[PDB]
Amino acid sequence: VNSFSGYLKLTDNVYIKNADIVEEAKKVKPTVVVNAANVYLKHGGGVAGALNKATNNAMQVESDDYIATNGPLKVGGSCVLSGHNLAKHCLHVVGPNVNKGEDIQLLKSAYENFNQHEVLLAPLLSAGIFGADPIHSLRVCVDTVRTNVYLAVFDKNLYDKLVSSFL
Ligand SMILES: O=C(N[C@@H](c1ccccc1)[C@@H](O)C(=O)O)c1ncnc2[nH]ccc12
């Protein structure tokens with residue numbers, strides 16, 4: 029039993045809700061919140077910009093030190109950093125950005141990072157401003173993630189479309 033509330037159950041291990049991931053993280057304080065990151069951990073917009081704003085830019089400060097030490101992430105890769113005031117940990121995961129021409133096959137690799145954590149609050153990778161089809165992102169999620177994932181979909185209209193088209 030966990031503290032996530034109001035989710036629709038899609039499969040044995042995937043759950044979905046029309047919610048703002050920032051407000052959802054502040055309420056639940058999950059062990060892991062997933063950020064829709066880029067390789068430079070520049071949290072400028074989309075989910076990343078919103079999560080970082082909620083941390084009063086502390087996420088960005090921590091991320092800049094991480095990059096200065098370690099260099100950029102790989103597309104499809106991840107790193108674990110602090111969750112600040114939102115979660116115990118933030119798993120920064122880099123899905124491919126279609127508006128940068130990156131290989132969508134990397135989406136499966138990106139979701140594989142979720143399997144290193146028993147329970148996660150997450151957005152749909154490569155969705156929104158990353159340019160991929162969110163219905164496809166949800167399919168890859170269900171077919172790749174085996175741990176318990178709670179997906180927050182900001183847009184109510186998108187949320188309803190994802191539920192109604194789900195196979
Ligand atoms: O969910 C968000 N963005 C994603 C998204 C996917 C599909 C359709 C539209 C947008 C995607 O752009 C991403 O960045 O993962 C988002 N963006 C800004 N502020 C936010 N506050 C809470 C959530 C949230």
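Numbering (this note's numbering), first residue to last: 29 to 195.
Where is the CB? At the ideal position from N, CA and C, for every residue including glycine.
Check	Outcome
What residue range does the beta strand (DSSP E) around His164 cover?	Taken as a continuous stretch (DSSP letters only), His164 belongs to no beta strand (DSSP E), being part of the alpha helix (DSSP H) at 162-172.
Starting from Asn141, follow the beta strand (DSSP E) in both directions and report where the run begins and ends.	Element bounds for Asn141: n/a, residue is neither H nor E.
Name the residue from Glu140, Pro162, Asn85 whose alpha carbon lies nearest to the alpha carbon of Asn185.	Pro162
When you compare each of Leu101, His164, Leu179 to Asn66 by their alpha carbons, which one comes out closest?	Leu101
Leaving out five residues before and five after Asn141 in sequence, what residues of the same chain have Cβ atoms less than 6 Å from its Cβ?	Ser106, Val121
Taking 7 Å as the cut-off, is the C-beta of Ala86 nearer than that to any heavy atom in ligand 1?	no
Which term fits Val56, buried or exposed, when burial requires 16 or more other beta carbons within 10 angstroms of its beta carbon?	buried
How far does the alpha helix (DSSP H) with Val122 in it reach, from first residue to last?	Premise fails: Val122 is in no alpha helix (DSSP H) and is neither H nor E.
Could you pull out every residue in the same chain whose Cβ sits closer than 7 Å to the Cβ of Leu38, ignoring the five residues on either side in sequence?	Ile44, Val170, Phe194
For the putative contact between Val42 and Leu179, defined by C-beta atoms under 8 Å, what is the C-beta separation to the nearest angstrom?	7 Å
Using DSSP with H/G/I as helix, E/B as strand and the rest coil, what is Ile132?	coil
Beta-carbon within less than 6 Å of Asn127's beta-carbon, same chain only, minus the 5 sequence neighbours each way: which residues are those?	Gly159
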